[PDB]
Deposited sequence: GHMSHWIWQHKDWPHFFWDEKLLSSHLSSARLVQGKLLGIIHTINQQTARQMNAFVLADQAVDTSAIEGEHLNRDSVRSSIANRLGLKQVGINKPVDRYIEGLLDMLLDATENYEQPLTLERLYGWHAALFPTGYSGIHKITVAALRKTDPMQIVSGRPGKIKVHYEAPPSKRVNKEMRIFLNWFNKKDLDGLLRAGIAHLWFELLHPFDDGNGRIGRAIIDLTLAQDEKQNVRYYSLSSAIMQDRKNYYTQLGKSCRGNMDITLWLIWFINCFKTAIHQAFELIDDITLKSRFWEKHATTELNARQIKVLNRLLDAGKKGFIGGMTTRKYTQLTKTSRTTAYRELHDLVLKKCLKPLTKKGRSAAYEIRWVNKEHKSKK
């Protein structure tokens, strides 16, 4: 009677509907805002956004498990996939990307055992997880601090989970949060349950939005909040069927993901508006190099601002030239001074210019 899946009412999850109401409506409000932004920006800006988020998705869902991808390989593969400008094929990165893209692009298709087996084969080409040989593309046949249900139960538990999942008879955000917790508690594979469960979240949200591109990443939010994530899973797996606290945690993670996406799209459009306004500005290569470095840090900027010393670390020019070129950038309204050595920050081009 220690684990949730031993509970007499398993797997009939329930929650405090009156309490969740204001969390869900506030989540829908920011989700709608992001969707309204994406609908209005042009296709070039959306494709750049898509490229950034997909690289974060791959990197962060891997980092959650302690696996650190070559980001250059990730970016290069995404650029080829999306048709953007710009090595050996990295089988693990391609398989991870193929799983993530199947989950958001084929959202009209049901989640089936065969489809999960394909995701699992995409993550484990060699049949090994580190040193350990595992079962690939099939449910575990043995035991995976948490004890998951015994393996003789796993095939039925998964049939119930999937019959429930494909009904879509609940608010889409709740289905995402329930599906993630339920899948994790079953741990149906020998390994890869974390990445596949987060791909299930992606599938659920793509079905909810009817949107075949993820413009935000829950993995990036989970990774940012990883300590609470593990604490909350640990509490839930020892709890009863009232998963109110898990769902509040999950909706807050969703909101964090949307807010990170607001910041990204705001940074992308701030930069392009800046360069529309200043392509008429005469600048030499060094000034253009330094402005791009600072613009890519976005609204948050450099901690101390741009300084003469940082300018000479990036350009390798003399202090006198950096000092004068920085004043030149102030005069041309590209930079503006900060407040107690001199420091500068981007002068943003806000609204129409």
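Comparing the deposited sequence with the modelled residues, the stretches lacking C-alpha coordinates are 1-3, 90-93, 152-164, 361-363, 377-380.
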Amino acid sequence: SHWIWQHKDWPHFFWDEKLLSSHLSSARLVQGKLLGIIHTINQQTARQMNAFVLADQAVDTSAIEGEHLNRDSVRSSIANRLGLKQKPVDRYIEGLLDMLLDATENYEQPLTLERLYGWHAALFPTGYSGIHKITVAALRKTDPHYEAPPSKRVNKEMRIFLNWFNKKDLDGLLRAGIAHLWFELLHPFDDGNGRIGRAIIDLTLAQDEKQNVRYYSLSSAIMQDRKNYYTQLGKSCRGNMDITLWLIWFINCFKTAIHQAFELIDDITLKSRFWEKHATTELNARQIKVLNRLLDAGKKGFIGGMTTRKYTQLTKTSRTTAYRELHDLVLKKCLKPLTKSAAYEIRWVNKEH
From here on, numbers count along this sequence of modelled residues.
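Mean CA temperature factor is higher for 327-335 when stretches 18-26 and 327-335 are set side by side in the entry. If you average the C-alpha B-factors over 46-54 and over 299-307, the higher value belongs to 299-307. Which of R159, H259, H180, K87 has the largest Cα B-factor in the deposited entry comes down to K87. Out of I41, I288, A63, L34, it is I288 whose C-alpha atom has the highest B-factor in the PDB entry. Ranked by Cα temperature factor within the chain, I265 sits in the middle third according to the deposited record. For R115, the recorded CA temperature factor ranks within the lowest third of the chain's modelled residues.
When the modelled residues of the chain are ordered by C-alpha B-factor, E209 sits in the lowest third.
When the modelled residues of the chain are ordered by C-alpha B-factor, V154 sits in the middle third.
Among all modelled residues in its chain, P144 ranks in the highest third by Cα B-factor.
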